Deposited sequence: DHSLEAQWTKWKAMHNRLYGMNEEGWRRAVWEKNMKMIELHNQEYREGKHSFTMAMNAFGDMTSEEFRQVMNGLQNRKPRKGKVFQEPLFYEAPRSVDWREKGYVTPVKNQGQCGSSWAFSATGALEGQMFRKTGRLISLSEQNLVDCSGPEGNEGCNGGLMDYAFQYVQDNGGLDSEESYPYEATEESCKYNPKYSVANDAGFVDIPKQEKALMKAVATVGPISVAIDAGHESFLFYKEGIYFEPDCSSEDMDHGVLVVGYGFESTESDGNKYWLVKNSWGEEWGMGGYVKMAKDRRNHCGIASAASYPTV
């Protein structure tokens, strides 16, 4: 009715959308299907069938093809070439951890029209380690990785891996700050300048494919880089609460993110920092189901750098 037409017009304006005559038609269809599922889902939430709610956002008119192109960023083959993390049995991890309260985490960033989640997950873990080492929080450059880690196996906006990113930092002897090497969301020439370098003696460690191990690692090291299966509109439109997708895969992770802590609702979850801006989820964060048989592959390809 008039309400639907009005809401569509408002969303378009709000997100500054200008479509051609033919596109307008199918973009709206995409948007309406999403609005319908968000509605049905939220009703089921009220009925207690879900732990999280959904809400329309800037990705309301996006196609699955476009999603795979700019929202993700992880490569198919995920090799384990880093040092090994041995789960300490005689260490008892706390019930909850949140590194943002310790000042290990920088503000939420936005990868934009570039499938570079690998770069954001990488700098995220590095920023925490540098803070653990200097007590100084400096935002690192994702653009540096995008433009320079090609030899390490990365493909800029076409995907890469966090380990390849950590490898680059090793071989290179440093990574610039975001202030000196701004994010452009595209592949340009490598402008790495030593004058603004940080993390000169790096390396990386891979964590076993177990949540118990991942938990002990987060509690003792700081934020950790993890890969998750994010290809679901439930995640795309996630709003708040504990995210749980029955159709989530524990083996096909396409999105790189950062775990900054874990806890339980006073029911356990992982505090995850995403790079889709503050307008997504909980200020750019998502509480993901913990200890639910490696939900979304959270513990299948986790690692952290060493400085």
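Missing from the model, relative to the deposited sequence, is only the range 267-271.
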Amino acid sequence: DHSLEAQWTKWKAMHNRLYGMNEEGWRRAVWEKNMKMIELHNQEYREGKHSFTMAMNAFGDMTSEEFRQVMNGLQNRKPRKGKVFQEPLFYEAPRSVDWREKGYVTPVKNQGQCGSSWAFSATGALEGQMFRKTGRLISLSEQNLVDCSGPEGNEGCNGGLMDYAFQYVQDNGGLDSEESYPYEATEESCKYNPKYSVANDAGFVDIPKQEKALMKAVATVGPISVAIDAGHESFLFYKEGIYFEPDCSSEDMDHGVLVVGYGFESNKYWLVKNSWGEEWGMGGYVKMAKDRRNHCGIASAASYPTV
From here on, numbers count along this sequence of modelled residues.
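For the pair 70-78 and 145-153, the mean Cα B-factor is higher in 70-78. On average the C-alpha atoms of 80-88 have higher B-factors than those of the other stretch, with 80-88 and 202-210 being the two compared. The entry assigns its greatest Cα B factor, within the set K195, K216, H232, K109, to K195. Out of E32, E245, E47, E39, it is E47 whose C-alpha atom has the highest B-factor in the PDB entry. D163 sits in the middle third of its chain by CA B factor, as recorded in the PDB entry. Split the chain's modelled residues into thirds by C-alpha temperature factor. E127 is in the lowest one.
Residue-level temperature factors show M21 in the highest third of its chain, judged at the C-alpha atom. In the PDB entry, a CA B factor belonging to the lowest third of its chain's modelled residues is recorded for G115. Residue-level temperature factors show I298 in the lowest third of its chain, judged at the C-alpha atom.
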